Amino acid sequence: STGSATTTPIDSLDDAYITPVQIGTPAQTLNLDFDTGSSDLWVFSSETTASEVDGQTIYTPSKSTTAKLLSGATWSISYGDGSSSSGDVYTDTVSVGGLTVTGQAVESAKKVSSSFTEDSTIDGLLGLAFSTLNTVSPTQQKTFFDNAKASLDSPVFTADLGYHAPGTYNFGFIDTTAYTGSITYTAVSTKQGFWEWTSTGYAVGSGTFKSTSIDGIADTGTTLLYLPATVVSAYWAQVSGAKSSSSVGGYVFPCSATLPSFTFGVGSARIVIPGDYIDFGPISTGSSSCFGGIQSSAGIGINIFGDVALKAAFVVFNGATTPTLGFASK
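Residues numbered from 1 in each chain as written, not as in the entry; some residues may be left out. Heavy atoms only, no water. Residues with missing side-chain atoms left out of burial classes, pairs and counts.

Going by the annotation in the PDB entry, the name recorded for the protein chain is Endothiapepsin, with Cryphonectria parasitica given as the source organism.

A. Region of the structure containing the nonpolar core. Counting residues in each nonpolar core, the largest one holds 67 residues, and the members touching the most others are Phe171, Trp236, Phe262, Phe264, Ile273 and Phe327. Per-element tally for this core: the top contributor is helix α3 (residues 229-236), with four residues. Both domains that furnish three or more residues to this core are identified here as domain 1 (5-174) and domain 2 (175-330). Leaving out residues up to four positions away in the same chain, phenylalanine 262 has contacts with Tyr202, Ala203, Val204, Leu225, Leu227, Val231, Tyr235, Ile271, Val272, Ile273, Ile278 and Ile294. With 17 residues, the next largest nonpolar core counts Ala16, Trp42, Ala109 and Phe116 among its residues. (Core = buried A, V, L, I, M, F, W, Y, C linked by side-chain atoms within 4.5 Å. Buried < 20%, exposed > 50% of the residue type's maximum accessible area, 1.4 Å probe, protein only. Helix = DSSP H or I, 4+ residues; strand = E, 2+ residues; numbered from the N terminus. Domains from an automatic or database assignment. Contact = heavy atoms within 4.5 Å.)

B. The environment of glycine 306, seen in detail. Looking at where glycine 306 falls in the secondary structure, it is placed in the loop between β22 (303-305) and α4 (307-310). For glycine 306, a relative accessible area of 0% puts it in the buried group. For the pair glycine 306 and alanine 257, spaced 49 residues apart in sequence, the C-alpha separation works out to 23 Å. Among all residues touching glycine 306, those that are not within four sequence positions of it are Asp219, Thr222, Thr223, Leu224 and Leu225.

C. Representation of the sheet that holds strand β19 (residues 279-282) in the model. Pairing within the open sheet is antiparallel, and its four strands lie in the order β15-β16-β20-β19. Of all the strands in the sheet, just β15 (243-245) and β19 have a single pairing partner and so form its edges. In this sheet, neighbouring strand axes are inclined to one another by 40° on average, regardless of whether the strands run parallel or antiparallel. Pairing between β19 and strand β20 (residues 289-292): two bridges, direction antiparallel. Residue pairing in the sheet places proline 282 in a bridge with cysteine 290 of β20. (Pairing = 2+ DSSP bridges. Axes fitted to C-alpha atoms, helices over the stretch in contact; angles between N-to-C directions.)

D. Representation of the domain arrangement of the protein chain in the model. Assigned domains of the protein chain: these are domain 1 (5-174) and domain 2 (175-330). One C-alpha centre belongs to domain 1, the other to domain 2, and the line joining them spans 25 Å. Counting residues at the interface gives 30 residues for domain 1, matched by 33 residues for domain 2. Among the elements of the structure, β3 (28-35), β9 (156-160) and β10 (167-171) are those that each provide at least two residues to the side of domain 1 that touches domain 2. Residue contributions to the side of domain 1 that touches domain 2 peak at five residues, all from β9. Its residues assigned to classes, the side of domain 1 that touches domain 2 comprises 18 nonpolar, six polar and six charged. (Nonpolar A, V, L, I, M, F, W, Y, C, P; charged D, E, K, R; others polar.)

What follows is the structure in structure tokens.
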């Protein structure tokens, strides 16, 4: 089997992407944030504290003839941005772009933190990291991809995120019309539960490529590109007026600037992030100070190849017995 679904930016900055997902019988369609940095499929629901729902579409398990309470199971998750959610668990039928999994754990939120409530466009998350990170207790549950894998034509999914435009998540096949050149594959460590790999270096604008190993994660659920302080300093030093602002919480730059591109290495290959992809707009409405899309990871503990980086590429998440990642230009 295969599946193919369009993913759409939630706003004009590409802060996140939503993909429609059918849950239950008859189908309830919710728009979920596909997140290769986590491993829980959780949804706003009829059980979510009412004051914490503000415009999201909810899953109501009592209206699904295929929903079954997973007795005793609870979940609770906290994300790198400080947001969180928790609740109980049903199993139900879940379909993405024509690909159907029966018995998928659907984690029903009883509580969500303010940032989830405040984002009316995201109805939940669909985790695509390794199932060892799933938070369901006392019996850990498998991701949608793990459950689908055996049925797929090939044990892969691909992320093709658009810049200010829709893109595609495919399951079970590699669309050879969706990229240019060849796909370069690189080794993955699953030891932390992430799609963790090692970039071979970077360049800033038209500058020379610096060969240096940068370990990080391919994370569709993170907006920006988080890299070591040395790398980020070298980038912003090429932008007149850019500075790190403790009050704002990262590098800012004059909105009148034209940003240089940023290149990262995948083996001997190179992915170029155009400068415009690194502009995240005014720090506050009407400000002439703009927020940078490349930021230091020094306070995170891990480097993160988020949407800024991934949307410059066609990305293969290869879930073969030894997982790997593939990157192509597009």
